[PDB]
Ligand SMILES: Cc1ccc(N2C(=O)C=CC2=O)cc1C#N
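There is one chain below, alone, in structure tokens, taken in the form solved without this ligand.
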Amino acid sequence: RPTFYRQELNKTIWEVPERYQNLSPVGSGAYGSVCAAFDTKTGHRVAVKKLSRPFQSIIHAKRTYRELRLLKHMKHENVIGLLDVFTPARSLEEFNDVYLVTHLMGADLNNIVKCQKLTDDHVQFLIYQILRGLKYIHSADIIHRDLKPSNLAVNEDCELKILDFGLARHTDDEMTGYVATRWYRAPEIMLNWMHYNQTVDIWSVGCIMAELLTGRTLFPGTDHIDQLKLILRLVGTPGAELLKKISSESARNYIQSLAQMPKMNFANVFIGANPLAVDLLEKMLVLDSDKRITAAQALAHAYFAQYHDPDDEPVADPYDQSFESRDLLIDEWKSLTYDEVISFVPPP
């Protein structure tokens, strides 16, 4: 066990191993507070997150366990991984605080799209890396659920990492109105007409790729219904084949109230774009989610011929999510979390 030291920063007590130095606050959401630090064991600049009230309810305790299990599994060049996890507790009986350590991230894709002139070569490389990471994530039967530019870190060499997996933490108010939190969500989950599934992540990638090509949000709706109208104007209203497969009675009733619209010509929407980029966008932004291209299929599309290497696009180890259907007490979720903290083995 390392030696810990305590300090107060922005009215919060931080108790961390001596290896972490020069702590400086960088932000705080509803899930925890974050400091930047220098890790003297590895030489990396890191982000240290102290979870806020991790075991206050069964829902929160299960969410803490879910986040730690996910971060411990992800081992891929284009996905955020876990450098360390620690607690100052010396036993399960005094266990209360959880700290997570990751590589410190600089710019996100938001900064890039609004501040930089992107070539088509830049778009190819950035979208390639998103799909490479997504092939890995989806091969473990994980759904990200919250892909958007602020959850994609990018460095000066145009190298990209996926972060901030959806832990089922977004509320109704967070999704209301003119908000980027909803602009990248697939139509079939925006009003909960379908259960989540991995095809919703490919819809998000299509929205991101369009924005890199044009510099503008693809579907900036002022509310759920305005956004649905923007979507259906581009991709068309549901045809007979898809309508037969829509089981939600709430969806069918409202959809049939709208006048029918054909799919638009994407070459007249994305003026001047590489024809191969237009072709790929048409295969991602499909209303019928059964028919969308998959991440593994998209890596082999000719738009990525410069970068595609099928011997360097790995899949994940199997990921056991059976805990998600399990009903446990707070202290049982807490004991499971403690076991995962003390069994952590750092990367090479």
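Numbering starts at 1 and follows the sequence shown. Rigid core: the largest C-alpha set superposing within 1.5 Å between the two forms.
Although not depicted, the form deposited with this ligand bound is the subject of the following passage.
Student: Find out whether any non-hydrogen atom of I127 is located within 4.5 angstroms of this ligand in the deposited bound form, and reply yes or no.
Tutor: Looking in the deposited bound form, residue contacts with this ligand do not include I127, since no heavy atom lies within 4.5 Å.
Student: Is there a non-hydrogen atom of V205 within 4.5 angstroms of a non-hydrogen atom of this ligand in the deposited bound form?
Tutor: Output for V205 is no: heavy atoms all beyond 4.5 Å of this ligand.
Student: So, in the deposited bound form, is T214 in contact with this ligand at a 4.5 angstroms heavy atom limit?
Tutor: Judged by the heavy-atom cut-off of 4.5 Å, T214 is in contact with this ligand in the deposited bound form.
Student: Closest heavy atom of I271 to this ligand in the deposited bound form, within 4.5 Å or not?
Tutor: The answer is yes: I271 has a heavy atom within 4.5 Å of this ligand.
Student: Enumerate the residues of 112-132 that have a non-hydrogen atom within 4.5 Å of this ligand in the deposited bound form, in sequence order, or give none.
Tutor: Only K117 sits within 4.5 Å of the partner.
Student: Please name the single residue among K229, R90, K244, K75 whose Cα shifts by at least 2 Å between this form and the one not shown after core superposition.
Tutor: It is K244; the other listed residues stay below 2 Å.
Student: Superposing on the rigid core, does the Cα of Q260 end up 2 Å or more away between this form and the one not shown?
Tutor: Stays below the 2 Å threshold, so no.
Student: Core aligned, does the CA of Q116 move at least 2 Å between this form and the one not shown?
Tutor: Yes, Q116 moves 2 Å or more.
Student: Based on a C-alpha change of 3 angstroms or more, tell me if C115 and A36 lie closer or farther in the deposited bound form than in the shown form.
Tutor: Their C-alpha distance grows by at least 3 Å in the deposited bound form.
Student: What direction does the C115-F219 Cα distance move in the deposited bound form compared with the shown chain, closer or farther, given a change of 3 Å or more?
Tutor: Relative to the shown form, the pair is closer.
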